[PDB]
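Asker: Residue numbering for the sequence shown is 4 to 83, 87 to 292, as defined by the authors' numbering. Each residue gets a CB set at the ideal place from its N, CA and C atoms; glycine is no exception. Have a look at this one before I ask anything.
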Amino acid sequence: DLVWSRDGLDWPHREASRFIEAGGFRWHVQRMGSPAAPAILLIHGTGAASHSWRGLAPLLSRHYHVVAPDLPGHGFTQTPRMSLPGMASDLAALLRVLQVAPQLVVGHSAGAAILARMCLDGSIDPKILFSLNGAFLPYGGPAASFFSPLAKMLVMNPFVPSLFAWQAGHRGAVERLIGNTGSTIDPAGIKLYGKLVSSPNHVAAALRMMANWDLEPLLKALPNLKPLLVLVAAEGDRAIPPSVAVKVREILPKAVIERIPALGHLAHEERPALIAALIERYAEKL
Numbered sequence: 004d005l006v007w008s009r010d011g012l013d014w015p016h017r018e019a020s021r022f023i024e025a026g027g028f029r030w031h032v033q034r035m036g037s038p039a040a041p042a043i044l045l046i047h048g049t050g051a052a053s054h055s056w057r058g059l060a061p062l063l064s065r066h067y068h069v070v071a072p073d074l075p076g077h078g079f080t081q082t083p087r088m089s090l091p092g093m094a095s096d097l098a099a100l101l102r103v104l105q106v107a108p109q110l111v112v113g114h115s116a117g118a119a120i121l122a123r124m125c126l127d128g129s130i131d132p133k134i135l136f137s138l139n140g141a142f143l144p145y146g147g148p149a150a151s152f153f154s155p156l157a158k159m160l161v162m163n164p165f166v167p168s169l170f171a172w173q174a175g176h177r178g179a180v181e182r183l184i185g186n187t188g189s190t191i192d193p194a195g196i197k198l199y200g201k202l203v204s205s206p207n208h209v210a211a212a213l214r215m216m217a218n219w220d221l222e223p224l225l226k227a228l229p230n231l232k233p234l235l236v237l238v239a240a241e242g243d244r245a246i247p248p249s250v251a252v253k254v255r256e257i258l259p260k261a262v263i264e265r266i267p268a269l270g271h272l273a274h275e276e277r278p279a280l281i282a283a284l285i286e287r288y289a290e291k292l
């Protein structure tokens with residue numbers, strides 16, 4: 004459904020967009036800053052896209068080479087195993103084509119788990135892994151053991167994404183969905199998300215990912231994570247509460263927690279300068 008020349012005309016930082024063949028399919032990838040600077044890799048969360056970084060990317064491009072892809076199936080990246091190790095290896099295939107060796111990495115929500123998996127595979131070795139409300143525990147809870155096979159049934163049905171996409175197209179629906187995570191974003195941002203949730207293929211992509219998401223193996227391997235793990239926890243985050251970060255730190259005592267009052271799940275979209283300053287703080291110790 005989503006076609007660059009038709010649907011992507013008001014996409015932010017359009018100049019930075021390029022469409023790259025890697026791992027057997029075509030990626031939409033945004034790059035900013037000088038290609039010779041230390042590279043920072045930005046991985047968005049489930050159901051979002053590179054536009055999520057529209058605020059933060061220009062600030063980081065001063066000092067770093069910013070690389071921000073749409074994950075498989077999301078946005079204007081096409082659909083290819088829509089799983090955690092599947093995505094981590096597909097991303098590694100993109101980085102090789104691009105010839106990028108990131109010094110820093112930033113993951114929002116599920117993006118943080120993907121990046122952790124890439125580190126553990128050995129396919130990258132950043133100095134710091136920044137986790138913005140990283141979704142390191144299963145969604146909801148151990149109720150997942152029960153919600154897992156049912157969701158795979160929902161996924162297997164092509165009609166579900168069309169229904170969700172149709173429902174999410176109604177006025178007030180996107181601002182409501184985003185409001186439920188505890189965040190408030192600009193009108194332009196709401197419009198962009200609205201375009202995404204209204205595309206069945208995009209929605210289907212996000213749903214497959216949720217259904218095939220198993221975090222048990224990662225949590226087992228997490229203790230051997232080499233990079234510094236900076237766990238940013240927005241306290242207004244209703245989707246991924248700050249307790250998740252505490253639980254990750256219980257498994258990896260070396261991890262560090264940065265609490266931010268009030269802001270919601272999309273804190274980096276609400277206040278990108280705040281997140282930029284934090285990233286800068288930490289990098290300067292190196």
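Specify, as a first and last residue, the run of the alpha helix (DSSP H) that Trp172 falls within.
Answerer: Residue 172 sits at position 166 when you count from the first residue of the sequence shown. Counting along the chain, the alpha helix (DSSP H) containing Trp172 begins and ends at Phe165 to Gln173.
Asker: Look up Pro41 in the DSSP assignment and say whether it is helix, strand or coil.
Answerer: Residue 41 sits at position 38 when you count from the first residue of the sequence shown. In this structure, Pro41 counts as coil in the three-state DSSP scheme.
Asker: Tell me, please, which residues DSSP counts as bridged to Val262.
Answerer: Taking the sequence shown and counting its residues from 1, one reaches residue 262 at position 256. According to DSSP, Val262 bridges with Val236.
Asker: From this set, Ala245, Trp14 and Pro38, which residue's C-alpha is nearest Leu104's C-alpha?
Answerer: Translated into the one-based positions of the sequence shown, residue 104 becomes position 98. Closest by alpha carbon: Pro38.
Asker: Between which residues of its own chain and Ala251 is the CB-CB distance below 7 Å, once the five residues before and five after are set aside?
Answerer: In the sequence shown, residue 251 corresponds to position 245, counting from 1. Closer than 7 Å at the Cβ level, and outside the excluded window around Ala251, lie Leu237, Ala239 and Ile263.
Asker: Let's test the definition: count the other Cβ atoms within 10 Å of the Cβ of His208 and tell me whether it reaches 16, buried, or not, exposed.
Answerer: Taking the sequence shown and counting its residues from 1, the one referred to as residue 208 is at position 202. Per the 10 Å Cβ criterion, buried.
Asker: Starting from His274, follow the alpha helix (DSSP H) in both directions and report where the run begins and ends.
Answerer: Taking the sequence shown and counting its residues from 1, one reaches residue 274 at position 268. Residues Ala273 to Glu276.
Asker: State yes or no: is the C-beta of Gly188 within less than 7 Å of the C-beta of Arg244?
Answerer: Locating residue 188 in the sequence shown gives position 182, counting from the first residue. Locating residue 244 in the sequence shown gives position 238, counting from the first residue. Going by C-beta atoms, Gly188 is nearer than 7 Å to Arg244.
Asker: So for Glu241, helix, strand or coil by DSSP?
Answerer: Numbered from 1 along the sequence shown, position 235 holds the residue referred to as residue 241. Residue state, collapsed to three classes: coil.
Asker: If I measure Cβ to Cβ from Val203 and keep anything under 7 Å in the same chain, skipping five residues before and after, which residues do I get?
Answerer: The count along the sequence shown starts at 1 and reaches residue 203 at position 197. Taken in chain order, the residues that qualify are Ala171, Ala174, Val180 and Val209.
Asker: Rounded to a whole number of angstroms, what is the C-alpha to C-alpha distance between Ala261 and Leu234?
Answerer: Reading the sequence shown from its first residue, position 255 is the one you call residue 261. Reading the sequence shown from its first residue, position 228 is the one you call residue 234. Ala261 and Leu234: Cα-Cα distance of roughly 7 Å.
Asker: Check this for me: beta carbons of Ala212 and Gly113, under 7 Å apart or not?
Answerer: In the sequence shown, residue 212 corresponds to position 206, counting from 1. In the sequence shown, residue 113 corresponds to position 107, counting from 1. No, the Cβ-Cβ distance between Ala212 and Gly113 is not below 7 Å.
Asker: Nearest by alpha-carbon distance to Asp192: which of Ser55, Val32, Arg9 and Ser95 is it?
Answerer: Position 186 of the sequence shown holds residue 192. It is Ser55.
Asker: Out of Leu198, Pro206 and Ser129, which has the shortest C-alpha to C-alpha gap to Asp4?
Answerer: As a position in the sequence shown, residue 4 is number 1, starting the count at 1. Taking only the C-alpha atoms, the option nearest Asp4 is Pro206.
Asker: Going by DSSP in three states, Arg255 sits in which element: helix, strand or coil?
Answerer: One-based indexing of the sequence shown puts residue 255 at position 249. Reduced to three states, the DSSP call for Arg255 is helix.
Asker: With DSSP run on the structure shown, which of helix, strand or coil describes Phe152?
Answerer: Against the sequence shown, residue 152 aligns to sequence position 146. In this structure, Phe152 counts as helix in the three-state DSSP scheme.
Asker: By how many angstroms is the C-alpha of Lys201 removed from the C-alpha of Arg9?
Answerer: Within the sequence shown, the letter at position 6 stands for residue 9. Within the sequence shown, the letter at position 195 stands for residue 201. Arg9 and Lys201: Cα-Cα distance of roughly 12 Å.
Asker: With distances taken between CB atoms, is the gap from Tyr67 to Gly117 smaller than 7 Å?
Answerer: In the sequence shown, the residue the question calls residue 67 occupies position 64. In the sequence shown, the residue the question calls residue 117 occupies position 111. No, these two residues do not count as a Cβ contact at 7 Å.
Asker: At the level of alpha carbons, what is the spacing between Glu286 and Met162?
Answerer: Sequence index remark: in the sequence shown, residue 286 carries index 280 (1-based). Sequence index remark: in the sequence shown, residue 162 carries index 156 (1-based). If I take the Cα positions, the gap works out to 43 Å.
Asker: Please classify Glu276: is it buried, with 16 or more other beta-carbons within 10 angstroms of its beta-carbon, or exposed?
Answerer: Within the sequence shown, numbered from 1, the residue matching residue 276 stands at position 270. Under this definition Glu276 is a buried residue.
Asker: Give me, in chain order, the residues of the same chain whose beta-carbon lies closer than 8 Å to that of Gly11; leave out the 5 immediate sequence neighbours on both sides.
Answerer: The residue labelled residue 11 in the question sits at position 8 within the sequence shown. Taken in chain order, the residues that qualify are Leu5, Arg17, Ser20 and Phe79.
Asker: Mind checking who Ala99 pairs with in its DSSP beta bridge?
Answerer: For the purposes of this step, residue 99 is taken as the residue at position 93 of the sequence shown. Bridge partners of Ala99: none, in fact.
Asker: Measure the CB-CB distance between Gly48 and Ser95 and report whether it falls below 7 Å.
Answerer: Residue numbering aside, residue 48 sits at position 45 when the sequence shown is read from its first letter. Residue numbering aside, residue 95 sits at position 89 when the sequence shown is read from its first letter. No; because the gap between Cβ atoms is not below 7 Å, this pair is not in contact.
Asker: Distance, Cα to Cα, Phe22 vs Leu97?
Answerer: Counting from one through the sequence shown, the residue named residue 22 turns up at place 19. Counting from one through the sequence shown, the residue named residue 97 turns up at place 91. So the alpha carbons of these two residues sit roughly 14 Å apart.
Asker: Using only CA atoms, which one of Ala71, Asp13, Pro75 and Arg65 lies nearest to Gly26?
Answerer: Residue numbering aside, residue 26 sits at position 23 when the sequence shown is read from its first letter. Ranking the options by Cα distance to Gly26, first place goes to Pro75.
Asker: Please classify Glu222: does DSSP put it in a helix, a strand, or coil?
Answerer: Translated into the one-based positions of the sequence shown, residue 222 becomes position 216. Helix, per DSSP.
Asker: In three-state terms, what does DSSP make of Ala141?
Answerer: Position 135 of the sequence shown, counted from the first residue, corresponds to residue 141. Correct three-state label for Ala141: coil.
Asker: Please classify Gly270 as buried or exposed, where buried requires at least 16 neighbouring CB atoms within 10 angstroms.
Answerer: Residue numbering aside, residue 270 sits at position 264 when the sequence shown is read from its first letter. Answer is buried; the Cβ neighbour count reaches 16.
Asker: Which one of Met216, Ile266 and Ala283 has the shortest CA to CA distance from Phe142?
Answerer: The residue given as residue 142 occupies position 136 in the sequence shown. Checking every option, the nearest Cα to that of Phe142 belongs to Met216.
Asker: Does DSSP put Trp56 in a helix, a strand or coil?
Answerer: Working through the sequence shown from its first residue, we reach residue 56 at position 53. Reduced to three states, the DSSP call for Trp56 is helix.
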